[PDB]
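Asker: My structure is below; once you've seen it, I'll send some questions.
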Amino acid sequence: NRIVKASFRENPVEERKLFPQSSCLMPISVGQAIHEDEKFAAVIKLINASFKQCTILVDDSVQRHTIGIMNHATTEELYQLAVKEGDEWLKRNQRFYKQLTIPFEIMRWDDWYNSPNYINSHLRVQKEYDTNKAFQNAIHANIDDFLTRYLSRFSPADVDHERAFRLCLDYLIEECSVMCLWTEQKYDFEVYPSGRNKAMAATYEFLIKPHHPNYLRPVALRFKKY
């Protein structure tokens, strides 16, 4: 009948030649459709076919910040909801990632946030936000981009815009601080189907690429029915 196939986007032949002998990280934005069913299976199939080894991160506990924009629950409650969402993603998509024949690892957000090196990385990101205005602007742009979609189904009247911004900033600072830590596990490529968001692209530009250009090399995918 019909099937979804996940091809690489923009990655040159000279880069793609490296993929079979390279490692990759698959950060999972728990909640997104690109990480579910037909589109997720398509990715597992392409990753299996083209990489040496793979490790899937479940970006779960981070959402405690974003969940908390409209849900005014206790900080422990949101942490729990953010984890529960990761628990359920793993249940839902166990069927697909189990089909990986290459060596793979399943990690979760807390594995990185609780790293001894997190706090120093967090300070580094907060310093760059304060000092470097290009980086500051990228983060701010990312907040606008994210909130216009996240809060699309809400009337501006029911949204605490001060809160939205604050929590979304907390989310992006954590995401970038954890990003920096990834060089520790020497991942050659970072595969996110859509692009890399503005904040993460800025963090790679200013804090990661200058020190390790052969780590976290971005990879985006195209989806098509065949």
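FYI the Cβ positions are ideal-geometry reconstructions off the backbone, even for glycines, and counts take in every protein chain you see. Coordinate-derived values only; no laboratory data.
Asker: Using label points projected 7 Å from each Cα along Cα→Cβ, tell me how many nm separate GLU14 and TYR226, to one decimal.
Answerer: Reported label-point gap for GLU14 and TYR226 is 2.7 nm.
Asker: Segment 25-84 to segment 154-226: how many Å between their Cα centroids?
Answerer: Each part reduced to its Cα centre gives a spacing of 13 Å.
Asker: If the label point is 7 Å along Cα→Cβ of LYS52, which residues in segment 106-134 have backbone nitrogen under 13 Å from it?
Answerer: Hits in segment 106-134 for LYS52 at 13 Å: none.
Asker: How far is helix 75-97 tilted, in degrees, relative to the longest principal axis of the Cα atoms in the chain, given as a value from 0 to 90 rounded to the nearest 10?
Answerer: 10 degrees
Asker: For the chain, how big is Rg over Rh, using alpha carbon atoms and the Kirkwood form of Rh? Intermediate results must be reported in sequence, preceding the final value.
Answerer: Details: Rg = 17.7 Å, Rh = 18.5 Å.
Over the Cα atoms of the chain, Rg/Rh equals 0.96.
Asker: Which value, in debye to the nearest 20, describes the size of the charge dipole of the chain about its Cα centre when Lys and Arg Cβ atoms bear +1, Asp and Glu Cβ atoms bear -1, and nothing else is charged?
Answerer: It works out to roughly 1160 debye.
Asker: Could you work out the helix-only [θ] at 222 nm for the chain, with each DSSP H run of four or more residues adding -39,500 (n - 2.57) and the total divided by the number of residues, to the nearest 500 deg cm²/dmol? Present the calculation step by step, with values, prior to reporting the outcome.
Answerer: Details: 9 runs with 112 residues, N = 226.
Mean residue ellipticity, 222 nm, calculated: -15500 deg cm²/dmol.
Asker: How many nm separate the modelled label positions at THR75 and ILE119, each set 7 Å beyond the Cα in the direction of the Cβ?
Answerer: 1.5 nm
Asker: Between helix 133-150 and the chain, what is the angle of the helix's C-alpha long axis to the longest principal axis, kept within 0 to 90° and rounded to the nearest 10?
Answerer: For 133-150 against the chain, the angle is about 90 degrees.
Asker: Set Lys and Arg Cβ to +1 and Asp and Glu Cβ to -1, take the dipole of the chain about its Cα centre, and tell me which of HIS65, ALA220, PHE154 lies farthest positive.
Answerer: Of the candidates, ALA220 comes out farthest on the positive side.
Asker: If you take every residue apart from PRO193 with its C-beta less than 9 Å away from the C-beta of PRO193, what net charge results, scoring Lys and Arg +1 and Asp and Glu -1?
Answerer: Values: positive: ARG9, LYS39, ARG222; negative: none.
Taking every Cβ under 9 Å from that of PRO193, the sum is +3.
Asker: Continuing with this model, one more query. How high is the relative contact order of the chain? Use alpha-carbon pairs under 8 Å, at least six apart in sequence, and give a whole percent.
Answerer: Values: 301 pairs, mean separation 69.2, N = 226.
Reported as a whole number, the value is 31 percent.
Asker: Here is a follow-up. So which trypsin sites (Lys or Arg not before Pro) in segment 151-226 end up in coil per DSSP with only 10 or fewer other C-beta atoms within 10 Å? Please list the in-between numbers first.
Answerer: Working: sites: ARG153, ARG163, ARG166, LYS186, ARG196, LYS198, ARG222, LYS224, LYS225; in loops: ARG153, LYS186, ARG196.
Passing sites in segment 151-226 are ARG153.
Asker: Please name which of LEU25, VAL178, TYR204 has its Cα lying farthest along the dipole of the chain towards the positive end, using unit charges on Cβ (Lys, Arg +1; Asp, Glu -1) and the Cα centre as origin.
Answerer: Of the candidates, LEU25 comes out farthest on the positive side.
Asker: A further question on this structure: Could you give the length gained by full extension between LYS84 and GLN99, i.e. 0.36 nm per residue of separation minus their alpha carbon distance, to one decimal place?
Answerer: On the way: separation 15, 0.36 × 15 = 5.40 nm, distance 2.37 nm.
Between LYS84 and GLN99, full extension yields 3.0 nm more.
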